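Participant: Please read through the structure below; I'll follow up with questions.
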Amino acid sequence: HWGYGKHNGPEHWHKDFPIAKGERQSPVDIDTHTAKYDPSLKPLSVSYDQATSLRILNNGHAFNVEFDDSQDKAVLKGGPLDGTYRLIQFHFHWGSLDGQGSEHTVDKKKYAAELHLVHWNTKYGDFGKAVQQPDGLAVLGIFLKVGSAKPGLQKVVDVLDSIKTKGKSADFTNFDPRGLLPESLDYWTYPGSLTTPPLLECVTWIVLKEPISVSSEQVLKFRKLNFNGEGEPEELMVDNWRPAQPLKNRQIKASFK
Ligand SMILES: NS(=O)(=O)c1cc(NC(=O)Nc2ccc(C(F)(F)F)cc2)c(O)c([N+](=O)[O-])c1
Ligand SMILES: [Zn+2]
């Protein structure tokens with residue numbers, strides 16, 4: 001099946017998922033001079049004080065931290081959104097070197113990694129229903145640059161040894177996702193898609209202007225993970241990012257001037 005290798009990577013995905021060539025695919029390059037300031041955009045409202053993380057999983061493409069979404073515990077609202085979206089998981093995309101790794105780019109600049117906080121629209125009742133709707137998901141995207149260590153990330157870094165290979169999971173309770181946010185919540189927004197198969201075009205993307213810093217050692221630990229399962233030949237989990245797609249008939253809006 002699909003992956004990020006030479007014979008199954010993003011240039012091949014359209015054969016099994018023809019929407020790979022659709023009208024609102026992600027990620028995109030954010031051209032900061034042609035993005036449009038929109039004064040009618042509201043501030044983001046991030047309410048993560050009651051978040052309940054459950055576990056961390058190596059799913060063979062990235063690693064996911066999953067949360068309890070049976071109730072409105074950790075929600076996102078405001079910004080360009082109408083309604084309440086519940087946090088279900090977060091994951092990252094990263095590179096084999098510091099110069100690449102993010103999925104979105106800013107004026108063609110790539111960052112070392114990108115954090116994706118996935119939320120789904122509660123009016124649709126469950127995540128499976130929400131992904132079938134043009135306004136079903138809202139994903140908060142955060143860039144990582146290499147520099148100073150990010151203290152709030154270290155707990156994630158320390159458990160990666162226990163989920164080295166595909167299909168492994170570990171108990172991961174009491175993790176506070178507020179530790180991953182930058183200082184400012186200024187953002188760009190556009191309508192887009194999932195960036196992995198099935199590539200459904202169900203996402204309101206909210207991409208924060210301000211990156212967070214992580215240390216060289218922290219991102220090094222990311223690139224020790226394994227695409228393969230235990231007992232298979234080792235393939236390091238690196239460069240699990242999809243390249244920028246054509247913007248086509250879309251406009252990037254900015255919350256800031
Ligand atoms: N980069 S991203 O788009 O934000 C992104 C999304 C997911 N998760 C899913 O896509 N789940 C899912 C989607 C549809 C169905 C359905 F509807 F088919 F059942 C079932 C499950 C993910 O695991 C990663 N990742 O890399 O770990 C990245
Ligand atoms: Zn993602």
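Residue names in the structure tokens use chain letters A, B, ... in the order shown, residue numbers from 1 in each chain, and ligand numbers from 1 in the order shown.
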Taking only C-alpha atoms and all ligand atoms into account, which residues are within 8 Å of ligand 1, as a ChimeraX atom specification?
Facilitator: /A:59,61-64,91-93,116-118,127-129,131-132,139,193-200,240
Participant: May I have the selected residues written with C-alpha atoms, as an mmCIF file, in the first residue's frame?
Facilitator:
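Now in result_21.cif:
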```cif
data_model
loop_
_atom_site.group_PDB
_atom_site.id
_atom_site.type_symbol
_atom_site.label_atom_id
_atom_site.label_comp_id
_atom_site.auth_asym_id
_atom_site.auth_seq_id
_atom_site.Cartn_x
_atom_site.Cartn_y
_atom_site.Cartn_z
ATOM 1 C CA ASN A 59 0.685 3.597 12.908
ATOM 2 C CA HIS A 61 3.254 6.469 8.792
ATOM 3 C CA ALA A 62 3.686 8.726 11.829
ATOM 4 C CA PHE A 63 3.021 8.528 15.560
ATOM 5 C CA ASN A 64 -0.349 9.652 16.948
ATOM 6 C CA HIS A 91 0.778 13.924 15.088
ATOM 7 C CA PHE A 92 3.822 15.292 13.308
ATOM 8 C CA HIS A 93 5.497 15.233 9.907
ATOM 9 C CA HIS A 116 -1.061 18.710 13.229
ATOM 10 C CA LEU A 117 -3.782 18.956 15.910
ATOM 11 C CA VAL A 118 -6.898 17.288 14.434
ATOM 12 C CA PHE A 127 -15.285 11.466 13.355
ATOM 13 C CA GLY A 128 -16.279 8.986 10.639
ATOM 14 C CA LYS A 129 -19.280 11.130 9.689
ATOM 15 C CA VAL A 131 -14.744 13.426 7.305
ATOM 16 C CA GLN A 132 -17.541 13.111 4.745
ATOM 17 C CA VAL A 139 -6.608 20.983 11.745
ATOM 18 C CA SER A 193 -7.850 18.204 2.632
ATOM 19 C CA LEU A 194 -6.192 15.456 4.632
ATOM 20 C CA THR A 195 -2.555 15.167 3.544
ATOM 21 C CA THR A 196 -2.499 11.373 3.722
ATOM 22 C CA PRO A 197 -4.882 8.922 2.046
ATOM 23 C CA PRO A 198 -7.822 8.904 1.808
ATOM 24 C CA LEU A 199 -7.094 12.636 1.105
ATOM 25 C CA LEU A 200 -10.689 13.684 1.799
ATOM 26 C CA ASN A 240 6.760 11.539 5.919
#
```
Participant: Find the residues near residue 223 (chain A): any atom within 6 Å, counting only C-alpha atoms, skip ones fewer than 3 places away on the same chain, and give them as an NGL selection string.
Facilitator: :A and (220 or 237-238)
Participant: Mind running region 78-193 of chain A against region 202-217 of chain A at 6 Å and telling me each contacting residue's nearest atom pair with the distance in Å (one decimal), counting only C-alpha atoms, chain and number ascending, as CSV?
Facilitator:
```
residue,atom,partner,partner_atom,distance
A:131,CA,A:202,CA,5.6
A:133,CA,A:202,CA,5.6
A:134,CA,A:202,CA,4.3
A:135,CA,A:202,CA,5.7
A:136,CA,A:202,CA,5.4
A:137,CA,A:203,CA,4.6
A:138,CA,A:204,CA,4.7
A:139,CA,A:205,CA,5.3
A:140,CA,A:206,CA,4.9
A:141,CA,A:207,CA,4.6
A:142,CA,A:208,CA,5.7
A:143,CA,A:211,CA,4.6
A:144,CA,A:212,CA,5.1
A:145,CA,A:213,CA,5.0
A:146,CA,A:214,CA,5.2
A:147,CA,A:215,CA,5.1
A:148,CA,A:215,CA,5.0
A:149,CA,A:215,CA,4.1
A:150,CA,A:214,CA,4.9
A:182,CA,A:212,CA,5.6
A:186,CA,A:209,CA,5.9
A:187,CA,A:208,CA,4.2
A:188,CA,A:207,CA,5.2
A:189,CA,A:206,CA,4.7
A:190,CA,A:205,CA,5.5
A:191,CA,A:204,CA,4.7
A:192,CA,A:203,CA,5.2
A:193,CA,A:203,CA,5.0
```
Participant: Name the residues of region 24-218 of chain A that fall into helix (DSSP H, G or I) according to DSSP on the backbone, using the chain letters and numbers of this document, as a PyMOL selection string.
Facilitator: chain A and resi 122-124+127-130+151-163+177-180+216-218
Participant: Write the residues of the selection above to a file with N, CA and C atoms, as a PDB file, in the first residue's frame.
Facilitator:
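What landed in result.pdb:
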```pdb
ATOM      1  N   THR A 122     -18.571  18.814  15.992  1.00  0.00           N
ATOM      2  CA  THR A 122     -19.434  17.979  16.827  1.00  0.00           C
ATOM      3  C   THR A 122     -20.848  17.842  16.280  1.00  0.00           C
ATOM      4  N   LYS A 123     -21.302  18.753  15.415  1.00  0.00           N
ATOM      5  CA  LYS A 123     -22.655  18.582  14.900  1.00  0.00           C
ATOM      6  C   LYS A 123     -22.811  17.306  14.080  1.00  0.00           C
ATOM      7  N   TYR A 124     -21.716  16.655  13.686  1.00  0.00           N
ATOM      8  CA  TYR A 124     -21.793  15.454  12.875  1.00  0.00           C
ATOM      9  C   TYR A 124     -21.742  14.173  13.692  1.00  0.00           C
ATOM     10  N   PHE A 127     -16.348  11.129  14.299  1.00  0.00           N
ATOM     11  CA  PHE A 127     -15.285  11.466  13.355  1.00  0.00           C
ATOM     12  C   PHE A 127     -15.545  10.868  11.980  1.00  0.00           C
ATOM     13  N   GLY A 128     -16.024   9.618  11.928  1.00  0.00           N
ATOM     14  CA  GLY A 128     -16.279   8.986  10.639  1.00  0.00           C
ATOM     15  C   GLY A 128     -17.287   9.742   9.788  1.00  0.00           C
ATOM     16  N   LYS A 129     -18.327  10.298  10.415  1.00  0.00           N
ATOM     17  CA  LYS A 129     -19.280  11.130   9.689  1.00  0.00           C
ATOM     18  C   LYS A 129     -18.651  12.453   9.260  1.00  0.00           C
ATOM     19  N   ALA A 130     -17.888  13.077  10.166  1.00  0.00           N
ATOM     20  CA  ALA A 130     -17.347  14.410   9.928  1.00  0.00           C
ATOM     21  C   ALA A 130     -16.455  14.458   8.691  1.00  0.00           C
ATOM     22  N   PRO A 151      10.285  22.452  26.251  1.00  0.00           N
ATOM     23  CA  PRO A 151      10.117  21.570  27.421  1.00  0.00           C
ATOM     24  C   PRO A 151       8.884  20.697  27.332  1.00  0.00           C
ATOM     25  N   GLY A 152       7.771  21.259  26.858  1.00  0.00           N
ATOM     26  CA  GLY A 152       6.507  20.553  26.844  1.00  0.00           C
ATOM     27  C   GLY A 152       6.451  19.397  25.879  1.00  0.00           C
ATOM     28  N   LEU A 153       7.437  19.283  24.986  1.00  0.00           N
ATOM     29  CA  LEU A 153       7.503  18.179  24.040  1.00  0.00           C
ATOM     30  C   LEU A 153       8.267  16.975  24.576  1.00  0.00           C
ATOM     31  N   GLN A 154       9.095  17.170  25.607  1.00  0.00           N
ATOM     32  CA  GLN A 154      10.054  16.142  26.017  1.00  0.00           C
ATOM     33  C   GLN A 154       9.368  14.849  26.444  1.00  0.00           C
ATOM     34  N   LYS A 155       8.193  14.947  27.068  1.00  0.00           N
ATOM     35  CA  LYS A 155       7.479  13.742  27.476  1.00  0.00           C
ATOM     36  C   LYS A 155       7.114  12.887  26.270  1.00  0.00           C
ATOM     37  N   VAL A 156       6.781  13.527  25.138  1.00  0.00           N
ATOM     38  CA  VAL A 156       6.544  12.772  23.907  1.00  0.00           C
ATOM     39  C   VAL A 156       7.844  12.119  23.442  1.00  0.00           C
ATOM     40  N   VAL A 157       8.934  12.891  23.441  1.00  0.00           N
ATOM     41  CA  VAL A 157      10.227  12.387  22.986  1.00  0.00           C
ATOM     42  C   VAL A 157      10.662  11.173  23.800  1.00  0.00           C
ATOM     43  N   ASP A 158      10.433  11.193  25.114  1.00  0.00           N
ATOM     44  CA  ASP A 158      10.979  10.138  25.964  1.00  0.00           C
ATOM     45  C   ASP A 158      10.288   8.797  25.770  1.00  0.00           C
ATOM     46  N   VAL A 159       9.030   8.780  25.326  1.00  0.00           N
ATOM     47  CA  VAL A 159       8.317   7.512  25.185  1.00  0.00           C
ATOM     48  C   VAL A 159       8.483   6.894  23.796  1.00  0.00           C
ATOM     49  N   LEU A 160       9.130   7.587  22.847  1.00  0.00           N
ATOM     50  CA  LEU A 160       9.197   7.054  21.484  1.00  0.00           C
ATOM     51  C   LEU A 160       9.909   5.699  21.419  1.00  0.00           C
ATOM     52  N   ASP A 161      10.831   5.429  22.350  1.00  0.00           N
ATOM     53  CA  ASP A 161      11.534   4.145  22.365  1.00  0.00           C
ATOM     54  C   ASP A 161      10.578   2.976  22.518  1.00  0.00           C
ATOM     55  N   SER A 162       9.431   3.199  23.143  1.00  0.00           N
ATOM     56  CA  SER A 162       8.519   2.099  23.401  1.00  0.00           C
ATOM     57  C   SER A 162       7.574   1.836  22.239  1.00  0.00           C
ATOM     58  N   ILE A 163       7.518   2.732  21.248  1.00  0.00           N
ATOM     59  CA  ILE A 163       6.668   2.550  20.072  1.00  0.00           C
ATOM     60  C   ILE A 163       7.526   2.624  18.814  1.00  0.00           C
ATOM     61  N   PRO A 177      -1.601  19.318  26.043  1.00  0.00           N
ATOM     62  CA  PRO A 177      -1.223  19.833  24.719  1.00  0.00           C
ATOM     63  C   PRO A 177      -0.993  21.338  24.693  1.00  0.00           C
ATOM     64  N   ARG A 178      -1.369  22.066  25.747  1.00  0.00           N
ATOM     65  CA  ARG A 178      -1.076  23.493  25.794  1.00  0.00           C
ATOM     66  C   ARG A 178       0.419  23.767  25.797  1.00  0.00           C
ATOM     67  N   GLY A 179       1.237  22.778  26.172  1.00  0.00           N
ATOM     68  CA  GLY A 179       2.686  22.912  26.151  1.00  0.00           C
ATOM     69  C   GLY A 179       3.290  22.998  24.768  1.00  0.00           C
ATOM     70  N   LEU A 180       2.505  22.750  23.726  1.00  0.00           N
ATOM     71  CA  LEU A 180       3.005  22.717  22.361  1.00  0.00           C
ATOM     72  C   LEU A 180       2.689  23.994  21.583  1.00  0.00           C
ATOM     73  N   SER A 216      17.863  20.185  18.397  1.00  0.00           N
ATOM     74  CA  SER A 216      18.381  19.174  17.490  1.00  0.00           C
ATOM     75  C   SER A 216      18.182  17.769  18.062  1.00  0.00           C
ATOM     76  N   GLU A 217      18.446  17.588  19.362  1.00  0.00           N
ATOM     77  CA  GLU A 217      18.315  16.268  19.982  1.00  0.00           C
ATOM     78  C   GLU A 217      16.875  15.782  19.963  1.00  0.00           C
ATOM     79  N   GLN A 218      15.918  16.691  20.187  1.00  0.00           N
ATOM     80  CA  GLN A 218      14.509  16.312  20.153  1.00  0.00           C
ATOM     81  C   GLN A 218      14.084  15.795  18.777  1.00  0.00           C
TER      82      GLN A 218
END
```
Participant: Mind the document's chain letters and residue numbers, and return as number ranges by chain the residues of region 15-252 of chain A that DSSP labels strand (DSSP E or B).
Facilitator: A: 29-30, 36-37, 44-47, 53-58, 63-67, 75-78, 85-94, 105-106, 109, 113-121, 137-146, 169-171, 187-192, 203-208, 212-214, 226, 236
Participant: Using only C-alpha atoms, which of the listed residues (A:90, A:120, A:172, A:256) sits closest to residue 185 (chain A)?
Facilitator: A:256
Participant: When you count only C-alpha atoms and all ligand atoms, which of these residues is closest to ligand 2: A:126, A:16, A:114, A:239?
Facilitator: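 The closest residue to ligand 2 is A:114.
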Participant: So which residues touch residue 4 (chain A) within 8 Å, counting only C-alpha atoms, skipping near sequence neighbours fewer than 2 positions away, as number ranges by chain?
Facilitator: A: 2, 6, 8-10, 239-241
Participant: Would you mind exporting N, CA, C and O atoms of the selected residues as a PDB file, in the first residue's frame?
Facilitator:
```pdb
ATOM      1  N   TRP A   2       0.165   2.376   0.308  1.00  0.00           N
ATOM      2  CA  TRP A   2       0.792   3.675   0.135  1.00  0.00           C
ATOM      3  C   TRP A   2       1.807   3.913   1.238  1.00  0.00           C
ATOM      4  O   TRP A   2       1.702   3.360   2.339  1.00  0.00           O
ATOM      5  N   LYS A   6       9.949   5.437  -2.717  1.00  0.00           N
ATOM      6  CA  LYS A   6      10.138   5.701  -4.136  1.00  0.00           C
ATOM      7  C   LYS A   6       9.100   5.013  -5.012  1.00  0.00           C
ATOM      8  O   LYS A   6       8.786   5.506  -6.106  1.00  0.00           O
ATOM      9  N   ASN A   8       5.967   3.906  -3.650  1.00  0.00           N
ATOM     10  CA  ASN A   8       4.610   4.046  -3.143  1.00  0.00           C
ATOM     11  C   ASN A   8       4.342   5.439  -2.575  1.00  0.00           C
ATOM     12  O   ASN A   8       3.333   5.627  -1.886  1.00  0.00           O
ATOM     13  N   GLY A   9       5.200   6.416  -2.865  1.00  0.00           N
ATOM     14  CA  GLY A   9       5.080   7.728  -2.275  1.00  0.00           C
ATOM     15  C   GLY A   9       4.061   8.617  -2.961  1.00  0.00           C
ATOM     16  O   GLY A   9       3.294   8.185  -3.833  1.00  0.00           O
ATOM     17  N   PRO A  10       4.062   9.903  -2.584  1.00  0.00           N
ATOM     18  CA  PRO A  10       2.937  10.778  -2.944  1.00  0.00           C
ATOM     19  C   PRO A  10       2.670  10.879  -4.430  1.00  0.00           C
ATOM     20  O   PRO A  10       1.516  11.113  -4.821  1.00  0.00           O
ATOM     21  N   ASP A 239      11.023  11.865   6.471  1.00  0.00           N
ATOM     22  CA  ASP A 239      10.416  12.460   5.277  1.00  0.00           C
ATOM     23  C   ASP A 239       8.999  11.938   5.016  1.00  0.00           C
ATOM     24  O   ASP A 239       8.645  11.553   3.901  1.00  0.00           O
ATOM     25  N   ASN A 240       8.163  11.960   6.051  1.00  0.00           N
ATOM     26  CA  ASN A 240       6.760  11.539   5.919  1.00  0.00           C
ATOM     27  C   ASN A 240       5.828  12.737   5.680  1.00  0.00           C
ATOM     28  O   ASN A 240       4.791  12.926   6.330  1.00  0.00           O
ATOM     29  N   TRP A 241       6.206  13.566   4.715  1.00  0.00           N
ATOM     30  CA  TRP A 241       5.499  14.786   4.366  1.00  0.00           C
ATOM     31  C   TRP A 241       5.120  14.735   2.893  1.00  0.00           C
ATOM     32  O   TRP A 241       5.841  14.164   2.071  1.00  0.00           O
TER      33      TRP A 241
END
```
Participant: Measuring atom to atom with only C-alpha atoms, identify which of A:20, A:219, A:70, A:54 is nearest to residue 112 (chain A).
Facilitator: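 Checking each candidate against residue 112 (chain A), we get A:219 as the closest.
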Participant: What does the distance from CA of residue 94 (chain A) to CA of residue 115 (chain A) come to in Å, to one decimal?
Facilitator: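 These two atoms are separated by 8.9 Å.
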Participant: For the atom pair CA of residue 166 (chain A) and CA of residue 227 (chain A), what is the interatomic distance in Å to one decimal place?
Facilitator: 6.0 Å
Participant: Neighbours of residue 77 (chain A) within 12 Å (only C-alpha atoms; same-chain residues fewer than 3 positions away dropped), as a list in words?
Facilitator: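 Near neighbours after the sequence-gap exclusion: residues 41, 42, 43, 44, 45, 46, 47, 48, 72, 74, 80, 81, 82, 83, 84, 85, 86, 87, 119, 120, 121, 122, 137, 138, 139, 140, 204 and 206 of chain A.
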Participant: With N, CA and C atoms kept, could you save the residues just selected as a short mmCIF file (atom, residue, chain, number, x, y, z; two decimals), in the first residue's frame?
Facilitator:
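In the end it all went to part00.cif:
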```cif
data_model
loop_
_atom_site.label_atom_id
_atom_site.label_comp_id
_atom_site.auth_asym_id
_atom_site.auth_seq_id
_atom_site.Cartn_x
_atom_site.Cartn_y
_atom_site.Cartn_z
N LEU A 41 -12.35 37.88 10.49
CA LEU A 41 -11.93 36.66 11.17
C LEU A 41 -11.80 36.90 12.67
N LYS A 42 -12.37 36.01 13.46
CA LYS A 42 -12.32 36.10 14.90
C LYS A 42 -11.03 35.50 15.44
N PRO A 43 -10.65 35.85 16.67
CA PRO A 43 -9.53 35.15 17.32
C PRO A 43 -9.86 33.67 17.47
N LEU A 44 -8.83 32.84 17.46
CA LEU A 44 -9.02 31.44 17.81
C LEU A 44 -9.35 31.33 19.29
N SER A 45 -10.16 30.33 19.62
CA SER A 45 -10.47 29.95 20.99
C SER A 45 -10.02 28.51 21.19
N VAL A 46 -8.92 28.33 21.92
CA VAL A 46 -8.37 27.02 22.24
C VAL A 46 -8.66 26.74 23.70
N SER A 47 -9.44 25.70 23.98
CA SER A 47 -9.80 25.33 25.35
C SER A 47 -9.33 23.91 25.59
N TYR A 48 -8.08 23.78 26.04
CA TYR A 48 -7.48 22.47 26.28
C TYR A 48 -7.26 22.18 27.76
N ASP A 72 -17.02 17.15 25.19
CA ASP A 72 -16.36 18.43 24.89
C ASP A 72 -15.34 18.76 25.98
N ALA A 74 -11.63 18.99 25.18
CA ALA A 74 -10.63 19.84 24.54
C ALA A 74 -11.20 20.28 23.20
N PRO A 80 -12.09 31.09 11.82
CA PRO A 80 -13.04 30.99 10.71
C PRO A 80 -14.12 29.93 10.90
N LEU A 81 -14.21 29.33 12.08
CA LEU A 81 -15.06 28.18 12.30
C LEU A 81 -16.44 28.59 12.79
N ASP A 82 -17.43 27.81 12.42
CA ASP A 82 -18.75 27.88 13.04
C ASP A 82 -18.97 26.56 13.75
N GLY A 83 -19.25 26.61 15.03
CA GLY A 83 -19.48 25.41 15.81
C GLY A 83 -18.25 25.02 16.59
N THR A 84 -18.40 23.89 17.27
CA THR A 84 -17.43 23.39 18.23
C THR A 84 -16.73 22.20 17.61
N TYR A 85 -15.40 22.20 17.62
CA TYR A 85 -14.65 21.06 17.13
C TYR A 85 -13.84 20.42 18.26
N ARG A 86 -13.95 19.09 18.39
CA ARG A 86 -13.26 18.35 19.45
C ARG A 86 -11.92 17.80 18.97
N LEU A 87 -10.91 17.94 19.82
CA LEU A 87 -9.60 17.36 19.56
C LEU A 87 -9.68 15.84 19.67
N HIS A 119 -9.14 18.15 14.84
CA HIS A 119 -10.38 18.38 15.56
C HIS A 119 -11.54 18.06 14.62
N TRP A 120 -12.65 17.56 15.15
CA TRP A 120 -13.80 17.27 14.29
C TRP A 120 -15.07 17.96 14.79
N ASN A 121 -15.94 18.29 13.83
CA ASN A 121 -17.11 19.15 14.05
C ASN A 121 -18.23 18.38 14.77
N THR A 122 -18.57 18.81 15.99
CA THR A 122 -19.43 17.98 16.83
C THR A 122 -20.85 17.84 16.28
N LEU A 137 -13.65 18.75 9.48
CA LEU A 137 -12.46 18.80 10.31
C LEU A 137 -11.88 20.21 10.37
N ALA A 138 -11.19 20.50 11.47
CA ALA A 138 -10.34 21.68 11.55
C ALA A 138 -9.01 21.20 12.09
N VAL A 139 -7.94 21.42 11.33
CA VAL A 139 -6.61 20.98 11.74
C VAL A 139 -5.78 22.23 12.03
N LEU A 140 -5.19 22.28 13.22
CA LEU A 140 -4.31 23.37 13.62
C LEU A 140 -2.88 22.94 13.28
N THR A 204 -10.86 22.47 7.27
CA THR A 204 -10.50 23.88 7.37
C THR A 204 -9.10 23.93 7.98
N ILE A 206 -5.95 25.70 9.61
CA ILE A 206 -5.60 26.87 10.41
C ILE A 206 -4.12 26.72 10.71
#
```
Participant: Restricting the calculation to only C-alpha atoms and all ligand atoms, which member of A:100, A:53, A:40, A:26 is positioned closest to ligand 2?
Facilitator: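 Closest to ligand 2 of all the choices is A:26.
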Participant: Set the distance at 10 Å and use only C-alpha atoms: which residues neighbour residue 37 (chain A) once local chain neighbours fewer than 6 positions away are removed? I'd like the list as a VMD selection string.
Facilitator: chain A and resid 188 252 to 257
Participant: Kindly give the distance, in Å, that separates CA of residue 248 (chain A) and CA of residue 34 (chain A), rounded to a single decimal.
Facilitator: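 For CA of residue 248 (chain A) relative to CA of residue 34 (chain A), the distance reads 13.7 Å.
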